[PDB]
Amino acid sequence: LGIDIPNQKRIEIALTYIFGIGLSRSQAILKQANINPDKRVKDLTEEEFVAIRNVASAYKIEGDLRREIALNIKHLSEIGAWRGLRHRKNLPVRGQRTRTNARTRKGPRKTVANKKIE
Amino acid sequence: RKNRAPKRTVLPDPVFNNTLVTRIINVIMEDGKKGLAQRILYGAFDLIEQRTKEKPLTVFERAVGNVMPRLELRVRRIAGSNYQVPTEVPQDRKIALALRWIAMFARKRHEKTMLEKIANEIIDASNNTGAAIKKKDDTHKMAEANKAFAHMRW
Amino acid sequence: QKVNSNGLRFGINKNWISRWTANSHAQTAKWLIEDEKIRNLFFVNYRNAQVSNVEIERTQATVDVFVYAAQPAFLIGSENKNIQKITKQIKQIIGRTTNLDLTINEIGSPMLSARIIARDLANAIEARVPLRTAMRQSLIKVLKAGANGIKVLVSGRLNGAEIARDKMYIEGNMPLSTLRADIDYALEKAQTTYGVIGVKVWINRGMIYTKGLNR
Amino acid sequence: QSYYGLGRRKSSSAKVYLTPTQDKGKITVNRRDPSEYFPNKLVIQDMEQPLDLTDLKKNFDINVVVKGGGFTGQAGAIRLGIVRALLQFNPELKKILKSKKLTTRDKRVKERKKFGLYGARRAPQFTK
Amino acid sequence: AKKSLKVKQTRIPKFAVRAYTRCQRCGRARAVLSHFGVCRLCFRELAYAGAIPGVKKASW
Amino acid sequence: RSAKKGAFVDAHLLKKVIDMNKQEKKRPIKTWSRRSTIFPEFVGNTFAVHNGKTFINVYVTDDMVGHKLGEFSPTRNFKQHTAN
Amino acid sequence: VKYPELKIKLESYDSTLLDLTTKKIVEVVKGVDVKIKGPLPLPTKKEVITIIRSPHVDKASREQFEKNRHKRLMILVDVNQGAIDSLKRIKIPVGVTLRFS
RNA sequence: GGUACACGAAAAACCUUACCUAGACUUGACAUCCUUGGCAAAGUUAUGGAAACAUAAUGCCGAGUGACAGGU
RNA sequence: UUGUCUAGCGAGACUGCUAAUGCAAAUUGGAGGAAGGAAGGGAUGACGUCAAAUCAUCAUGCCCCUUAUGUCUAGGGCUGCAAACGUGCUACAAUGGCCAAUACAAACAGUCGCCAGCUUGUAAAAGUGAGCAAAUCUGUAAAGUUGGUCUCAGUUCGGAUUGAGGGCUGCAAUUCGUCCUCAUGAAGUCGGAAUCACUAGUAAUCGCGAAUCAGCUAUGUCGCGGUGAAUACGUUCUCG
Ligand SMILES: [Zn+2]
């Protein structure tokens, strides 16, 4: 479950690359295991790699986040819900304006000639 | 149309004693922040002092003298495909353009840090490389090529 | 598109018309809407009273409505039949706990007060009188009253359609742009059977030099 | 023999004092070293640049208490206070202090943000 | 729908949130100033008439 | 979330739902309250939630609880954009 | 005595109208009462209102008023109850409002 | 178009709101005049309703009448 | 380690004096002075053009409706969406990101409010709770300085979108509140034709206050202060 932690950079960021561990809880793990921040990933003792892996197993599995999010979306969609209906057609959900803006989810662009003004 | 306007007076820099240094410190300025540009310029001067051991004033004056343009191209259109007319440029505008070119070609290069990039810019300008001497020579070549237009012009 | 002349020189050469104060933003709105009912009530009910202006004096449940008119008899009535009615009407429109004790005072040289002149112009216009002769007569009487030049302009239906045919007159030094001029202003809305007629009268009452501040 | 002064650059009033002392001048701003109070730049020399054209810190104590302003406005205020103090010290300094135009209260103060203008001078934009 | 809205404001609402502000001289319910209980244009014309005791013109 | 007694019911539909649950669960009941949240007791019956024009039937399921009862009712129809 | 430190603070919306009143007060109390230090100016707590001109959009042309509020400060070292008895007749106008202690 | 487009709106989840659906009212939610009077008027509590509401009691205001009130 | 300070009055600045040239207004220079030749700024906006905008601030003639185009309530909508334009914010980064320590403002506002201090809380906040009807009490200034780290990469830049958990107002937060914490991290590497604002404490930039308001992705508007530029040879071209 050790997935491509890059070298020539600190461990604090090395734990930010696995899917589900950002800046904050990586620092929480860092302070929990007594690993010293400022150690670059290279020249790191194995003695504490097992500690990192144990405390991460205490957390949520990094590969399990995708499955949990998909299961939650399916749970929200299988029941008749406006949000599920909104989320199904790739249109923003939290209530952002859709008049002109909010194109980060609707796709790059699809231009159509407007009204033929006279 | 308007009339001639006054020009303000710049105080000498009270550590290195040079007004051209003040013009540098004001042209490299952004966000209106002297405490940052001053650190940039004085660290660049320290770098000049360290490598290629030489008084920073001498390098500055050599680079500025080598960069000042002899002629200036000013656009004067008569019809389509407008032609240009070389014009003589005053010494105050000469140093203005020279320092503008130094700063603006300094803030575009490799050697990421602003300190080292501007230090390399000024060193290259002193050593007459293609950093800004090339552009000065290109706009100088653009002059005296249309000199037939320059002789009969307004 | 010019500012009202009465509001421009207000507070620097002319005193406030309603001098009072109260607790901050609590019920000053209530007093502001209640006392103004007296100001509008006079000008609506008593056209012929020729009231020029009224001053409001409120402090902690007391009110003094100063009145300036040319013909106080209409306000007083016959053997004081109307003063009691007007004071009880003011009481009913203001409340019960406030002592009122109003006064009625004469105005010196009324024919140089813009408010009553505009009121007379509105009365003449609504009385089907032709505008030109009535306006000229009022101009003559106000000039003979012993004041400076006048600026009367009247818009509205001048006995027909195409209303944008307003008429204006100027007969003397009337420096609107001068703060130190002591210019009095008023407006009246003549209501003719064909539409709305707006009359505006500017009156100069001499310069106000060496007055220091508001009188 | 204490001497007074007053500078008011950029809505920042500065009270200064002068006294001959055996030391080099004992620079002091608000009972603390100006080398740390002000940002150590040309600005800490802009206060003594009046002294440049005269007897620079011959024997003159610096006791200044200031209010308001940022740090450069403080420098201008204390500069004008110092120049006023020295022109009080010797009426013959009028000729050379006025030559550099170091007195006279440059009075350049921020404007009033006019309505419809972002910064009292700039309109938002123009479009047709 | 102006007189009904004007009289409704005086009537106490069934919830406190339902209460809103509105000027006393005119039925406009927008741009009212709580410090004077009066809309922007009425306040303008009243200050021009001088009814408000504290009024001047600006220099700031 | 209200963060304190967060689960909120309009307090006039609780009586109806309790009575229906205790009275053989008559299938159709008409409510116009979208503000109510469904309690765990809400499961079992149906509602004619008001979308704005008509009464659309919805069948609660223990599959879901706490979703805003009105969230089950769509309010605005589709764009189906006209070409021009 | 029996009422030391009579701190009377007054504010209004005009300068001259308040200056006249404070001069009248400081002169009328200048009888049997003694040691009345002069009026104390105060920052003139001020508020500025901005109102657009036209009933229609016109947003680029708006004027603005400003309801001024001046402020002075009197303090009395000793009440000297005869002095306050004479002080009952100051009869301040409506513009000036006094906040006692 | 310049002179509209972070504008009217210095605050649209309910009210605001002027729109639609539905539930209700008809000298009307508010106003003057006429006659005839003085004991009610705002709020509260169950009860049906989702709420206006119709009930029952608690704690300047009624009744009849037509010109009319009313219209963002 | 006291005469700043706020606010009343007054003085000062008026081509006042001199040199030049002009009949005379007047222009330039110089002395003195804080300001020199309308000292910077504002309010102050003529006759009239656009049959310019507003019957939806208000008033109003006429027309129209009236057991309805009037009134109350519940729910929805002004926030939609294949699209286009305008105005702003965020950015695209080492003139920087993050962390720690740390110094300097004016103005404005507040007894249903400002909320100090203390306790709890990864935080939004909650509880306790003085003080203030205010030059008294409250609204930690940020840019700025130093130290440590990052080493030019779609990254410790950029945060959108999305999932979950909390806290606040409000009867009520799904249609449609914002705040905090955790989770992922879109596009973007300075931008085509063409255009915009700006002549000093201005542009740029960093924060602070107020209105409406129970609360509100106001990044809006109205104000305040800190740092703080570059240029104007000139009217040949361009607009009015
Ligand atoms: Zn109004």
# chains A, B, ... in the order shown; residues from 1 in each chain; ligands from 1

$ residues_near_ligand --ligand "ligand 1" --cutoff "12 Å" --atoms "only C-alpha atoms (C1' of nucleotides) and all ligand atoms" --output "PyMOL selection string"
(chain C and resi 29+32-33) or (chain E and resi 6+21-34+36-46) or (chain G and resi 55) or (chain I and resi 57-58)

$ interface_residues --of "chain A" --to "chain F" --cutoff "9 Å" --atoms "only C-alpha atoms" --output "PDB file with N, CA and C atoms, in the first residue's frame"
ATOM      1  N   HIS A  75     -26.096   5.535  -3.121  1.00  0.00           N
ATOM      2  CA  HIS A  75     -27.111   5.582  -2.073  1.00  0.00           C
ATOM      3  C   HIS A  75     -28.005   6.802  -2.238  1.00  0.00           C
ATOM      4  N   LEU A  76     -27.407   7.949  -2.550  1.00  0.00           N
ATOM      5  CA  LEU A  76     -28.160   9.185  -2.707  1.00  0.00           C
ATOM      6  C   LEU A  76     -28.982   9.211  -3.987  1.00  0.00           C
ATOM      7  N   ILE A  79     -32.381   6.339  -4.156  1.00  0.00           N
ATOM      8  CA  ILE A  79     -33.573   6.953  -3.585  1.00  0.00           C
ATOM      9  C   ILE A  79     -33.915   8.196  -4.394  1.00  0.00           C
ATOM     10  N   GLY A  80     -35.207   8.422  -4.613  1.00  0.00           N
ATOM     11  CA  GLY A  80     -35.635   9.580  -5.372  1.00  0.00           C
ATOM     12  C   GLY A  80     -35.290  10.878  -4.674  1.00  0.00           C
ATOM     13  N   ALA A  81     -34.313  11.607  -5.210  1.00  0.00           N
ATOM     14  CA  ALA A  81     -33.825  12.824  -4.581  1.00  0.00           C
ATOM     15  C   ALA A  81     -33.548  13.873  -5.644  1.00  0.00           C
ATOM     16  N   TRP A  82     -33.869  15.128  -5.331  1.00  0.00           N
ATOM     17  CA  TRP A  82     -33.558  16.226  -6.241  1.00  0.00           C
ATOM     18  C   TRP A  82     -32.053  16.371  -6.425  1.00  0.00           C
ATOM     19  N   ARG A  83     -31.292  16.230  -5.336  1.00  0.00           N
ATOM     20  CA  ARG A  83     -29.840  16.309  -5.443  1.00  0.00           C
ATOM     21  C   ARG A  83     -29.291  15.189  -6.319  1.00  0.00           C
ATOM     22  N   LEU A  85     -30.977  13.700  -8.733  1.00  0.00           N
ATOM     23  CA  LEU A  85     -31.357  14.124 -10.076  1.00  0.00           C
ATOM     24  C   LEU A  85     -30.446  15.240 -10.570  1.00  0.00           C
ATOM     25  N   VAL A 112     -23.444  28.015 -29.505  1.00  0.00           N
ATOM     26  CA  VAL A 112     -24.563  27.980 -30.439  1.00  0.00           C
ATOM     27  C   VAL A 112     -24.933  29.418 -30.772  1.00  0.00           C
ATOM     28  N   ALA A 113     -25.211  29.681 -32.049  1.00  0.00           N
ATOM     29  CA  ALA A 113     -25.580  31.025 -32.476  1.00  0.00           C
ATOM     30  C   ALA A 113     -26.805  31.512 -31.713  1.00  0.00           C
ATOM     31  N   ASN A 114     -26.738  32.747 -31.229  1.00  0.00           N
ATOM     32  CA  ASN A 114     -27.801  33.316 -30.410  1.00  0.00           C
ATOM     33  C   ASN A 114     -28.933  33.817 -31.305  1.00  0.00           C
ATOM     34  N   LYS A 115     -29.851  34.583 -30.717  1.00  0.00           N
ATOM     35  CA  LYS A 115     -30.989  35.114 -31.458  1.00  0.00           C
ATOM     36  C   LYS A 115     -30.523  35.993 -32.612  1.00  0.00           C
ATOM     37  N   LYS A 116     -31.170  35.833 -33.767  1.00  0.00           N
ATOM     38  CA  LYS A 116     -30.823  36.610 -34.950  1.00  0.00           C
ATOM     39  C   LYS A 116     -31.339  38.036 -34.816  1.00  0.00           C
TER      40      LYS A 116
END

$ residues_around --residues "residue 49 (chain H)" --least-positions-apart "2" --cutoff "12 Å" --atoms "only C-alpha atoms (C1' of nucleotides)" --output "list in words"
residues 12 and 31 of chain F; 23, 24, 47, 51, 52, 53 and 54 of chain H; 73 and 74 of chain I

$ write_last_selection --atoms "N, CA and C atoms (P, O5', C5', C4', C3', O3' and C1' of nucleotides)" --output "PDB file, in the first residue's frame"
ATOM      1  N   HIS F  12     -47.195  19.805  13.077  1.00  0.00           N
ATOM      2  CA  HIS F  12     -48.571  19.555  12.677  1.00  0.00           C
ATOM      3  C   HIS F  12     -48.701  18.332  11.783  1.00  0.00           C
ATOM      4  N   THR F  31     -49.906  16.557   2.528  1.00  0.00           N
ATOM      5  CA  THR F  31     -49.165  17.561   3.277  1.00  0.00           C
ATOM      6  C   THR F  31     -48.578  18.594   2.326  1.00  0.00           C
TER       7      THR F  31
ATOM      8  P     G H  23     -59.355  25.629  -4.846  1.00  0.00           P
ATOM      9  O5'   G H  23     -59.303  25.974  -3.293  1.00  0.00           O
ATOM     10  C5'   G H  23     -59.023  24.965  -2.334  1.00  0.00           C
ATOM     11  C4'   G H  23     -58.693  25.565  -0.989  1.00  0.00           C
ATOM     12  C3'   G H  23     -59.720  26.538  -0.438  1.00  0.00           C
ATOM     13  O3'   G H  23     -60.805  25.878   0.184  1.00  0.00           O
ATOM     14  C1'   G H  23     -57.553  27.461  -0.216  1.00  0.00           C
ATOM     15  P     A H  24     -62.284  26.491   0.079  1.00  0.00           P
ATOM     16  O5'   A H  24     -62.217  27.779   1.011  1.00  0.00           O
ATOM     17  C5'   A H  24     -63.055  28.895   0.772  1.00  0.00           C
ATOM     18  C4'   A H  24     -62.661  30.064   1.634  1.00  0.00           C
ATOM     19  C3'   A H  24     -63.391  31.365   1.357  1.00  0.00           C
ATOM     20  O3'   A H  24     -64.666  31.411   1.972  1.00  0.00           O
ATOM     21  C1'   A H  24     -61.071  31.781   1.533  1.00  0.00           C
ATOM     22  P     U H  47     -55.925  20.502  20.761  1.00  0.00           P
ATOM     23  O5'   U H  47     -57.370  20.722  20.131  1.00  0.00           O
ATOM     24  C5'   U H  47     -58.480  19.948  20.560  1.00  0.00           C
ATOM     25  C4'   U H  47     -59.729  20.309  19.794  1.00  0.00           C
ATOM     26  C3'   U H  47     -59.568  20.432  18.289  1.00  0.00           C
ATOM     27  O3'   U H  47     -59.615  19.177  17.631  1.00  0.00           O
ATOM     28  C1'   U H  47     -60.758  22.303  19.111  1.00  0.00           C
ATOM     29  P     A H  51     -52.306  25.305  11.105  1.00  0.00           P
ATOM     30  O5'   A H  51     -52.395  26.815  10.604  1.00  0.00           O
ATOM     31  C5'   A H  51     -51.232  27.620  10.488  1.00  0.00           C
ATOM     32  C4'   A H  51     -51.493  28.822   9.618  1.00  0.00           C
ATOM     33  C3'   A H  51     -52.761  29.595   9.944  1.00  0.00           C
ATOM     34  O3'   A H  51     -52.559  30.534  10.985  1.00  0.00           O
ATOM     35  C1'   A H  51     -52.671  29.163   7.615  1.00  0.00           C
ATOM     36  P     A H  52     -53.790  31.378  11.582  1.00  0.00           P
ATOM     37  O5'   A H  52     -54.022  32.525  10.502  1.00  0.00           O
ATOM     38  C5'   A H  52     -55.332  32.924  10.135  1.00  0.00           C
ATOM     39  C4'   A H  52     -55.346  33.612   8.796  1.00  0.00           C
ATOM     40  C3'   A H  52     -56.641  34.319   8.435  1.00  0.00           C
ATOM     41  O3'   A H  52     -56.733  35.604   9.022  1.00  0.00           O
ATOM     42  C1'   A H  52     -55.884  33.040   6.586  1.00  0.00           C
ATOM     43  P     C H  53     -57.987  35.975   9.950  1.00  0.00           P
ATOM     44  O5'   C H  53     -59.244  35.645   9.032  1.00  0.00           O
ATOM     45  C5'   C H  53     -60.392  35.009   9.572  1.00  0.00           C
ATOM     46  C4'   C H  53     -60.638  33.673   8.919  1.00  0.00           C
ATOM     47  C3'   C H  53     -61.819  32.884   9.458  1.00  0.00           C
ATOM     48  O3'   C H  53     -63.054  33.305   8.905  1.00  0.00           O
ATOM     49  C1'   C H  53     -59.934  31.468   9.292  1.00  0.00           C
ATOM     50  P     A H  54     -63.952  34.395   9.670  1.00  0.00           P
ATOM     51  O5'   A H  54     -65.394  33.724   9.738  1.00  0.00           O
ATOM     52  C5'   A H  54     -66.077  33.598  10.977  1.00  0.00           C
ATOM     53  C4'   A H  54     -66.529  32.181  11.215  1.00  0.00           C
ATOM     54  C3'   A H  54     -66.828  31.817  12.659  1.00  0.00           C
ATOM     55  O3'   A H  54     -68.127  32.211  13.066  1.00  0.00           O
ATOM     56  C1'   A H  54     -65.453  30.155  11.700  1.00  0.00           C
TER      57        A H  54
ATOM     58  P     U I  73     -50.864  37.626   4.369  1.00  0.00           P
ATOM     59  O5'   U I  73     -51.075  36.049   4.431  1.00  0.00           O
ATOM     60  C5'   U I  73     -51.438  35.409   5.644  1.00  0.00           C
ATOM     61  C4'   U I  73     -51.855  33.979   5.410  1.00  0.00           C
ATOM     62  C3'   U I  73     -50.825  33.093   4.732  1.00  0.00           C
ATOM     63  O3'   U I  73     -49.851  32.602   5.635  1.00  0.00           O
ATOM     64  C1'   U I  73     -52.937  32.779   3.712  1.00  0.00           C
ATOM     65  P     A I  74     -48.342  32.353   5.146  1.00  0.00           P
ATOM     66  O5'   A I  74     -48.384  30.899   4.501  1.00  0.00           O
ATOM     67  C5'   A I  74     -48.718  29.762   5.284  1.00  0.00           C
ATOM     68  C4'   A I  74     -48.866  28.532   4.425  1.00  0.00           C
ATOM     69  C3'   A I  74     -47.781  28.325   3.384  1.00  0.00           C
ATOM     70  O3'   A I  74     -46.617  27.719   3.917  1.00  0.00           O
ATOM     71  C1'   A I  74     -49.895  28.066   2.369  1.00  0.00           C
TER      72        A I  74
END

$ select_by_dssp --residues "chain F" --states "alpha helix (DSSP H)" --output "number ranges by chain"
F: 14-21

$ residues_around --residues "residue 28 (chain D)" --least-positions-apart "3" --cutoff "12 Å" --atoms "only C-alpha atoms (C1' of nucleotides)" --output "count of residues only"
23

$ residues_around --residues "residue 65 (chain H)" --least-positions-apart "6" --cutoff "10 Å" --atoms "only C-alpha atoms (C1' of nucleotides)" --output "PyMOL selection string"
chain H and resi 27+34-35

$ write_last_selection --atoms "C-alpha atoms (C1' of nucleotides)" --output "PDB file, in the first residue's frame"
ATOM      1  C1'   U H  27     -68.995  49.185   1.429  1.00  0.00           C
ATOM      2  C1'   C H  34     -75.609  59.542   7.532  1.00  0.00           C
ATOM      3  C1'   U H  35     -78.429  57.540  11.463  1.00  0.00           C
TER       4        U H  35
END

$ interface_residues --of "chain E" --to "chain G" --cutoff "6 Å" --atoms "only C-alpha atoms" --output "PyMOL selection string"
chain E and resi 40+54-58

$ write_last_selection --atoms "C-alpha atoms" --output "JSON list (two decimals), in the first residue's frame"
[["chain", "number", "residue", "atom", "x", "y", "z"],
["E", 40, "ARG", "CA", -33.75, 57.99, 0.39],
["E", 54, "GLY", "CA", -29.61, 68.08, 11.56],
["E", 55, "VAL", "CA", -28.90, 68.62, 7.85],
["E", 56, "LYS", "CA", -26.18, 70.31, 5.84],
["E", 57, "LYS", "CA", -24.43, 69.52, 2.56],
["E", 58, "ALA", "CA", -21.14, 67.59, 2.31]]

$ residues_around --residues "residue 143 (chain I)" --least-positions-apart "4" --cutoff "8 Å" --atoms "only C-alpha atoms (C1' of nucleotides)" --output "ChimeraX atom specification"
/I:206-207,226-227

$ write_last_selection --atoms "N, CA and C atoms (P, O5', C5', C4', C3', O3' and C1' of nucleotides)" --output "PDB file, in the first residue's frame"
ATOM      1  P     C I 206      -3.549  43.883  -2.520  1.00  0.00           P
ATOM      2  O5'   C I 206      -3.334  44.219  -0.979  1.00  0.00           O
ATOM      3  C5'   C I 206      -2.192  43.746  -0.281  1.00  0.00           C
ATOM      4  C4'   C I 206      -2.116  44.329   1.104  1.00  0.00           C
ATOM      5  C3'   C I 206      -3.412  44.319   1.897  1.00  0.00           C
ATOM      6  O3'   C I 206      -3.660  43.067   2.510  1.00  0.00           O
ATOM      7  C1'   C I 206      -2.403  46.453   2.060  1.00  0.00           C
ATOM      8  P     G I 207      -5.164  42.526   2.663  1.00  0.00           P
ATOM      9  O5'   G I 207      -5.390  42.474   4.237  1.00  0.00           O
ATOM     10  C5'   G I 207      -6.540  43.057   4.827  1.00  0.00           C
ATOM     11  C4'   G I 207      -6.168  44.193   5.746  1.00  0.00           C
ATOM     12  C3'   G I 207      -7.326  44.895   6.432  1.00  0.00           C
ATOM     13  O3'   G I 207      -7.779  44.200   7.580  1.00  0.00           O
ATOM     14  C1'   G I 207      -5.859  46.505   5.519  1.00  0.00           C
ATOM     15  P     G I 226      -1.643  58.041   6.204  1.00  0.00           P
ATOM     16  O5'   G I 226      -0.945  56.612   6.177  1.00  0.00           O
ATOM     17  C5'   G I 226      -0.389  56.051   7.357  1.00  0.00           C
ATOM     18  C4'   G I 226       0.220  54.697   7.091  1.00  0.00           C
ATOM     19  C3'   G I 226       1.164  54.614   5.903  1.00  0.00           C
ATOM     20  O3'   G I 226       2.468  55.077   6.205  1.00  0.00           O
ATOM     21  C1'   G I 226      -0.350  52.802   5.839  1.00  0.00           C
ATOM     22  P     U I 227       3.296  55.921   5.119  1.00  0.00           P
ATOM     23  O5'   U I 227       3.770  54.830   4.062  1.00  0.00           O
ATOM     24  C5'   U I 227       4.670  53.799   4.436  1.00  0.00           C
ATOM     25  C4'   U I 227       4.911  52.835   3.301  1.00  0.00           C
ATOM     26  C3'   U I 227       5.322  53.455   1.974  1.00  0.00           C
ATOM     27  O3'   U I 227       6.702  53.769   1.914  1.00  0.00           O
ATOM     28  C1'   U I 227       3.612  51.873   1.606  1.00  0.00           C
TER      29        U I 227
END

$ closest_atom_pairs --of "chain I" --to "chain F" --cutoff "12 Å" --atoms "only C-alpha atoms (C1' of nucleotides)" --output "Markdown table"
| residue | atom | partner | partner_atom | distance |
| --- | --- | --- | --- | --- |
| I:74 | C1' | F:32 | CA | 7.4 |
| I:75 | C1' | F:52 | CA | 5.6 |
| I:76 | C1' | F:52 | CA | 4.8 |
| I:77 | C1' | F:76 | CA | 9.6 |
| I:79 | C1' | F:76 | CA | 12.0 |
| I:80 | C1' | F:76 | CA | 7.2 |
| I:81 | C1' | F:79 | CA | 6.1 |
| I:82 | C1' | F:81 | CA | 5.7 |
| I:83 | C1' | F:81 | CA | 9.6 |
| I:125 | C1' | F:3 | CA | 11.4 |
| I:126 | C1' | F:3 | CA | 11.4 |
| I:165 | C1' | F:1 | CA | 10.5 |
| I:166 | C1' | F:3 | CA | 7.9 |
| I:167 | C1' | F:3 | CA | 6.9 |
| I:168 | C1' | F:2 | CA | 8.7 |
| I:169 | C1' | F:2 | CA | 10.1 |
| I:170 | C1' | F:2 | CA | 10.2 |
| I:171 | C1' | F:10 | CA | 8.7 |
| I:172 | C1' | F:35 | CA | 6.1 |
| I:173 | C1' | F:1 | CA | 8.2 |
| I:174 | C1' | F:71 | CA | 4.2 |
| I:175 | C1' | F:75 | CA | 6.4 |
| I:177 | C1' | F:1 | CA | 11.9 |

$ closest_atom_pairs --of "chain B" --to "chain I" --cutoff "6 Å" --atoms "only C-alpha atoms (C1' of nucleotides)" --output "tab-separated table"
residue	atom	partner	partner_atom	distance
B:31	CA	I:205	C1'	5.0
B:32	CA	I:228	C1'	4.2
B:33	CA	I:227	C1'	5.8

$ select_by_dssp --residues "chain C" --states "strand (DSSP E or B)" --output "ChimeraX atom specification"
/C:10,14,18-20,51-58,62-63,66-69,99,103-106,150-155,167-170,183-192,195-204

$ atom_distance --atom1 "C1' of residue 107 (chain I)" --atom2 "CA of residue 71 (chain D)"
19.0 Å

$ closest_residue --among "C:50, C:204, C:37, C:60" --to "chain G" --atoms "only C-alpha atoms"
C:60

$ interface_residues --of "chain H" --to "chain D" --cutoff "12 Å" --atoms "only C-alpha atoms (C1' of nucleotides)" --output "ChimeraX atom specification"
/H:1-6

$ interface_residues --of "chain I" --to "chain E" --cutoff "10 Å" --atoms "only C-alpha atoms (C1' of nucleotides)" --output "list in words"
residues 41, 42, 43, 56, 57, 58, 70, 71, 170, 171, 211, 212, 214 and 223 of chain I

$ write_last_selection --atoms "C-alpha atoms (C1' of nucleotides)" --output "PDB file, in the first residue's frame"
ATOM      1  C1'   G I  41     -10.097  68.963  -2.938  1.00  0.00           C
ATOM      2  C1'   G I  42     -15.820  69.457  -2.510  1.00  0.00           C
ATOM      3  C1'   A I  43     -20.810  71.498  -2.494  1.00  0.00           C
ATOM      4  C1'   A I  56     -43.212  51.026  -9.928  1.00  0.00           C
ATOM      5  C1'   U I  57     -41.095  57.108  -4.360  1.00  0.00           C
ATOM      6  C1'   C I  58     -45.216  60.578  -4.435  1.00  0.00           C
ATOM      7  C1'   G I  70     -59.290  44.386  -4.913  1.00  0.00           C
ATOM      8  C1'   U I  71     -57.931  41.654   0.100  1.00  0.00           C
ATOM      9  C1'   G I 170     -34.125  32.310  12.053  1.00  0.00           C
ATOM     10  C1'   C I 171     -40.796  29.102  13.299  1.00  0.00           C
ATOM     11  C1'   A I 211     -25.463  52.174   5.741  1.00  0.00           C
ATOM     12  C1'   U I 212     -29.523  48.644   4.593  1.00  0.00           C
ATOM     13  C1'   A I 214     -32.106  38.321  12.743  1.00  0.00           C
ATOM     14  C1'   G I 223     -15.744  56.469   3.458  1.00  0.00           C
TER      15        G I 223
END

$ closest_atom_pairs --of "chain G" --to "chain I" --cutoff "6 Å" --atoms "only C-alpha atoms (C1' of nucleotides)" --output "Markdown table"
| residue | atom | partner | partner_atom | distance |
| --- | --- | --- | --- | --- |
| G:41 | CA | I:7 | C1' | 5.0 |
| G:42 | CA | I:6 | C1' | 5.9 |
| G:43 | CA | I:6 | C1' | 5.4 |
| G:56 | CA | I:54 | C1' | 5.7 |

$ write_last_selection --atoms "N, CA and C atoms" --output "compact mmCIF listing (two decimals), in the first residue's frame"
# COMPACT_ATOMS: atom_id res chain seq x y z
N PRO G 41 -13.75 71.41 24.60
CA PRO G 41 -14.17 70.91 23.28
C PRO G 41 -14.06 69.40 23.20
N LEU G 42 -14.93 68.82 22.36
CA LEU G 42 -14.99 67.38 22.18
C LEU G 42 -15.00 67.04 20.69
N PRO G 43 -14.65 65.81 20.30
CA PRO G 43 -14.34 65.54 18.88
C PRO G 43 -15.45 65.81 17.89
N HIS G 56 -34.67 57.10 -10.43
CA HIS G 56 -34.33 56.05 -11.38
C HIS G 56 -32.82 55.85 -11.32

$ residues_around --residues "residue 47 (chain A)" --least-positions-apart "6" --cutoff "12 Å" --atoms "only C-alpha atoms (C1' of nucleotides)" --output "list in words"
residues 33, 34, 35, 53 and 54 of chain A

$ write_last_selection --atoms "C-alpha atoms" --output "PDB file, in the first residue's frame"
ATOM      1  CA  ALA A  33       4.257   8.538  15.233  1.00  0.00           C
ATOM      2  CA  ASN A  34       7.064  10.819  16.488  1.00  0.00           C
ATOM      3  CA  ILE A  35       8.515  10.874  12.945  1.00  0.00           C
ATOM      4  CA  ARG A  53       1.580   2.184   8.125  1.00  0.00           C
ATOM      5  CA  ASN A  54      -0.082   1.095  11.382  1.00  0.00           C
TER       6      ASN A  54
END

$ interface_residues --of "chain H" --to "chain G" --cutoff "9 Å" --atoms "only C-alpha atoms (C1' of nucleotides)" --output "PyMOL selection string"
chain H and resi 7-8+10

$ atom_distance --atom1 "CA of residue 67 (chain C)" --atom2 "CA of residue 202 (chain C)"
21.5 Å

$ interface_residues --of "chain C" --to "chain I" --cutoff "7 Å" --atoms "only C-alpha atoms (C1' of nucleotides)" --output "ChimeraX atom specification"
/C:2,177,194-196
